[PDB]
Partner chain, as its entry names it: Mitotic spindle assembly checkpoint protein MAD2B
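In the block that follows, a single chain appears as structure tokens, in the form deposited without its partner chain.
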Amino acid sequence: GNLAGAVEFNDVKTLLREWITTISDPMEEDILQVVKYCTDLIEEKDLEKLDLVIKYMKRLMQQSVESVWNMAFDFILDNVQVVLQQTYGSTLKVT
């Protein structure tokens, strides 16, 4: 739930935005953190958080000029989609 120090909803949007725009290269640990985050809120049943983090991540990875964030997002998105297909059976409409 607590990712990059950020705990609250809009606190996550702000700090993870500044994170993706400053960092030009996410390491595998950074990628796995955001997978675990977007899986945690599925286990905490906060699909409002899923809605936010998916659509807003995409925005940030496109706001970042680096294609490494696009492949990072592709892996994170993929894994978290699968988690929703097992846990709920369906995914949130957002991509």
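Positions refer to the first chain, counted from 1.
Separately, the form deposited with its partner chain bound exists; it is not shown, and the next lines address it.
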Contact flag, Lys45 vs its partner chain in the deposited bound form, heavy atom cut 4.5 Å | yes
In the deposited bound form, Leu84 touching its partner chain (heavy atom, 4.5 Å) = yes
Enumerate the residues of 61-95 that have a non-hydrogen atom within 4.5 Å of its partner chain in the deposited bound form, in sequence order, or give none.
-> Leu84, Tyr88, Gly89, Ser90, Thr91, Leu92, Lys93
